[PDB]
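Notes for the one structure printed next.
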Protein chains: 2
Amino acid sequence: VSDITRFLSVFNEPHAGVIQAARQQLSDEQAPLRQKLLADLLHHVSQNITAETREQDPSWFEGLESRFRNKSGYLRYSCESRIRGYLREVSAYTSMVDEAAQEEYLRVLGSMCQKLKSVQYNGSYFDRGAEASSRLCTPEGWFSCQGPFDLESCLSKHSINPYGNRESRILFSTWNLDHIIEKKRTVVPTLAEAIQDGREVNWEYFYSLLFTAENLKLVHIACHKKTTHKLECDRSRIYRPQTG
Amino acid sequence: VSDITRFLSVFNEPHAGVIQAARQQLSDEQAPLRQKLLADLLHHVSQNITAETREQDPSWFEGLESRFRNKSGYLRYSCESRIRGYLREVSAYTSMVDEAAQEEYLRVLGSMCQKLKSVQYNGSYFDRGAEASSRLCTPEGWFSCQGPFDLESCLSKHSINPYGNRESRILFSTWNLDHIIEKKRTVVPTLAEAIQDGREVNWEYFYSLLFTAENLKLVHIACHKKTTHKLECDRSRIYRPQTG
Ligand SMILES: [Mg+2]
Ligand SMILES: [Mg+2]
Ligand SMILES: [Pb+2]
Ligand SMILES: [Pb+2]
Ligand SMILES: [Zn+2]
Ligand SMILES: [Zn+2]
């Protein structure tokens, strides 16, 4: 059954008449399953990961505004958006906070924003060619599913390289940056409750929870459990230590 | 280059030691691309489309409530949800309607709901084993991307069988029932404006537009243009003909 090696051998490296071959078998209608595999294979091969600029691989950029000249640049922007989205969701909550603590909330929410700008909304997480302690991918653009929140790794071994294909760039939209300790369900509200407590809040902790890879797992959609994460915040890290 | 035929030949029909083979090459770490193709192949093969009950293929049902015993049944429910979702979105608009026409809107919105219940929210669209003039798939469960709204067919030839795999069932979540004439952008508001007109509204027309395959294209995420569909409603079908 060692057969396969010879198969993965030819179907991996493109630049051949294989691309112009698989396409023919596709045009020439076939069974649903065979058509699938064939469509997938063409996808797998019709790729150009190495290209970085719109000039050398404009296909990738189809549909993206013009400001986007570089791939890393777009993905960086994309990541910044999800995270900026989390910051918005956090402000929207100021209303469900006690009017008495509503001021401090905004004060705290302001600090988190400065720090976010200070780090450029962590857009660094999606762009290869960034410090290795910042990116979530290999310098080639390969991301690995980190498995569901309640597991150590991805049992299916999901991966994806949004950099070498237009469809690939779009599928990455389905990959989620999932909060281990749910942000809406638990972190934000705990944040509110902590600010009303009276003790000085260690907002940096909530920052970690809300916008950092410390509490974010990058998962493929099949590893995004939409069920409740039965986790809670760390009682001991919520408030700033009183220096006795 | 006719090679491939021999390849798609072995990689399509499972039930062999091939499954227990590809898995080994996966465990035995490899290059990112080879690992990809390999992970995908395992996916492609680890399938059981023919199974219909939770009893004969419980793997598929992982994560679904217990009430769901049958596959078609779940997918039917799933479809009904998207469509019921469109009905909600339509009610939520009653507030942005003139108070004077706000009553009729609810009257009309009521009629559409009766008809929807009368047809079971068209959940029929997703379940194989339904009248051939109702399903969007083959009796085996195969759906074909109908390409973007502004095109006749899917150039990439996207297909998917949510019935033979858990991950497959979840990916179908990314496949969208896209309104050709945008519902929020154009149909709903036209509906509101038409009800304020004074002439008798042919609400059945808007029904078609809002909940039927007459105005819904089933597209893979890569064929869901989120750009504006520069279309408008048919001026001549909005109002009921005055019998002269
Ligand atoms: Mg989540
Ligand atoms: Mg749409
Ligand atoms: Pb701000
Ligand atoms: Pb109703
Ligand atoms: Zn995974
Ligand atoms: Zn398509």
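In the structure tokens, each chain is lettered A, B, ... as it comes, each chain's residues begin at 1, and ligands are numbered from 1 in order of appearance.
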Margin query: I need the strand (DSSP E or B) residues of segment 118-191 of chain A per DSSP on the backbone, written as an NGL selection string.
Written below: :A and (137 or 143-144 or 159-160 or 176-179)
Find the spatial neighbours of residue 234 of chain B, counting only C-alpha atoms, within a cut-off of 12 Å - ignore same-chain residues fewer than 6 positions away - and output them as an mmCIF file with N, CA, C and O atoms, in the first residue's frame.
data_model
loop_
_atom_site.group_PDB
_atom_site.id
_atom_site.type_symbol
_atom_site.label_atom_id
_atom_site.label_comp_id
_atom_site.auth_asym_id
_atom_site.auth_seq_id
_atom_site.Cartn_x
_atom_site.Cartn_y
_atom_site.Cartn_z
ATOM 1 N N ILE B 181 -31.226 39.425 -5.941
ATOM 2 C CA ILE B 181 -31.650 40.801 -5.749
ATOM 3 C C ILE B 181 -31.529 40.893 -4.228
ATOM 4 O O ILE B 181 -32.323 40.291 -3.497
ATOM 5 N N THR B 186 -32.072 45.885 -1.084
ATOM 6 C CA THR B 186 -33.168 46.276 -1.986
ATOM 7 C C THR B 186 -34.589 45.698 -1.850
ATOM 8 O O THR B 186 -35.572 46.442 -1.920
ATOM 9 N N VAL B 187 -34.727 44.390 -1.670
ATOM 10 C CA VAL B 187 -36.071 43.812 -1.570
ATOM 11 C C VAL B 187 -36.916 44.290 -0.386
ATOM 12 O O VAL B 187 -38.041 44.745 -0.572
ATOM 13 N N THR B 190 -37.847 47.997 -0.709
ATOM 14 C CA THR B 190 -38.815 48.161 -1.794
ATOM 15 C C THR B 190 -40.186 47.692 -1.290
ATOM 16 O O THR B 190 -41.219 48.291 -1.599
ATOM 17 N N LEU B 191 -40.175 46.611 -0.510
ATOM 18 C CA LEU B 191 -41.386 46.036 0.064
ATOM 19 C C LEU B 191 -42.069 47.086 0.920
ATOM 20 O O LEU B 191 -43.281 47.308 0.804
ATOM 21 N N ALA B 194 -43.386 49.918 -1.220
ATOM 22 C CA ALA B 194 -44.554 49.470 -1.987
ATOM 23 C C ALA B 194 -45.826 49.439 -1.144
ATOM 24 O O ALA B 194 -46.912 49.746 -1.631
ATOM 25 N N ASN B 202 -48.633 43.117 -4.456
ATOM 26 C CA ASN B 202 -48.581 41.718 -4.848
ATOM 27 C C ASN B 202 -47.509 41.048 -3.995
ATOM 28 O O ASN B 202 -46.462 40.633 -4.502
ATOM 29 N N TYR B 205 -44.995 38.216 -4.820
ATOM 30 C CA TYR B 205 -43.780 38.513 -5.576
ATOM 31 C C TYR B 205 -42.593 38.657 -4.629
ATOM 32 O O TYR B 205 -41.535 38.052 -4.859
ATOM 33 N N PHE B 206 -42.785 39.453 -3.574
ATOM 34 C CA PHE B 206 -41.759 39.692 -2.565
ATOM 35 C C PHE B 206 -41.430 38.399 -1.830
ATOM 36 O O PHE B 206 -40.292 38.172 -1.403
ATOM 37 N N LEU B 209 -38.983 36.544 -3.912
ATOM 38 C CA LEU B 209 -37.704 37.217 -3.751
ATOM 39 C C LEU B 209 -37.027 36.933 -2.426
ATOM 40 O O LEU B 209 -35.823 36.676 -2.374
#
Check: Neighbours of segment 49-57 of chain B within 10 Å (only C-alpha atoms; same-chain residues fewer than 3 positions away dropped), as a ChimeraX atom specification?
Finding: /B:46,60-62,66,68-73,140-142,161-166
Note to self: Between A:106, A:216, A:45, A:177, which residue has the minimum interatomic distance to chain B, considering only C-alpha atoms?
What the structure shows: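 So, comparing all the options, the nearest one is A:45.
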Kindly work out which residues sit at most 8 Å from ligand 1, using only C-alpha atoms and all ligand atoms, and give the list as an mmCIF file with N, CA, C and O atoms, in the first residue's frame.
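out-v8.cif, freshly written:
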data_model
loop_
_atom_site.group_PDB
_atom_site.id
_atom_site.type_symbol
_atom_site.label_atom_id
_atom_site.label_comp_id
_atom_site.auth_asym_id
_atom_site.auth_seq_id
_atom_site.Cartn_x
_atom_site.Cartn_y
_atom_site.Cartn_z
ATOM 1 N N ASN A 176 -11.213 30.724 12.655
ATOM 2 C CA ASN A 176 -11.514 31.650 13.729
ATOM 3 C C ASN A 176 -10.406 31.804 14.791
ATOM 4 O O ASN A 176 -9.624 30.879 15.015
ATOM 5 N N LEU A 177 -10.317 32.988 15.404
ATOM 6 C CA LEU A 177 -9.381 33.242 16.511
ATOM 7 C C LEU A 177 -10.296 33.101 17.737
ATOM 8 O O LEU A 177 -10.876 34.078 18.218
ATOM 9 N N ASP A 178 -10.430 31.876 18.228
ATOM 10 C CA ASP A 178 -11.337 31.570 19.325
ATOM 11 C C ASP A 178 -10.796 31.800 20.737
ATOM 12 O O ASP A 178 -9.733 31.292 21.094
ATOM 13 N N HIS A 179 -11.532 32.583 21.526
ATOM 14 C CA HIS A 179 -11.152 32.869 22.908
ATOM 15 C C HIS A 179 -11.364 31.622 23.775
ATOM 16 O O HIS A 179 -12.478 31.087 23.830
ATOM 17 N N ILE A 180 -10.313 31.166 24.454
ATOM 18 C CA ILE A 180 -10.430 29.999 25.312
ATOM 19 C C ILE A 180 -11.382 30.327 26.454
ATOM 20 O O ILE A 180 -12.299 29.568 26.749
ATOM 21 N N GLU A 182 -14.171 32.421 27.094
ATOM 22 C CA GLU A 182 -15.112 33.196 26.288
ATOM 23 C C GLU A 182 -15.125 34.662 26.661
ATOM 24 O O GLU A 182 -15.257 35.020 27.831
ATOM 25 N N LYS A 183 -15.009 35.521 25.660
ATOM 26 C CA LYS A 183 -14.961 36.936 25.947
ATOM 27 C C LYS A 183 -16.303 37.567 26.244
ATOM 28 O O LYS A 183 -16.430 38.337 27.196
ATOM 29 N N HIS A 224 -14.020 24.618 16.048
ATOM 30 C CA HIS A 224 -14.492 25.784 16.770
ATOM 31 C C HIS A 224 -15.749 25.336 17.476
ATOM 32 O O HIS A 224 -16.833 25.400 16.906
ATOM 33 N N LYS A 225 -15.607 24.847 18.698
ATOM 34 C CA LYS A 225 -16.773 24.426 19.441
ATOM 35 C C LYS A 225 -17.520 25.690 19.830
ATOM 36 O O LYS A 225 -16.966 26.581 20.469
ATOM 37 N N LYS A 226 -18.773 25.774 19.402
ATOM 38 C CA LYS A 226 -19.611 26.926 19.691
ATOM 39 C C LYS A 226 -20.357 26.692 20.989
ATOM 40 O O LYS A 226 -21.243 27.463 21.357
#
Check: atom CA of residue 82 of chain A and atom CA of residue 219 of chain A, how far apart in Å?
Finding: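 Computing the Euclidean distance for atom CA of residue 219 of chain A and atom CA of residue 82 of chain A yields 14.0 Å.
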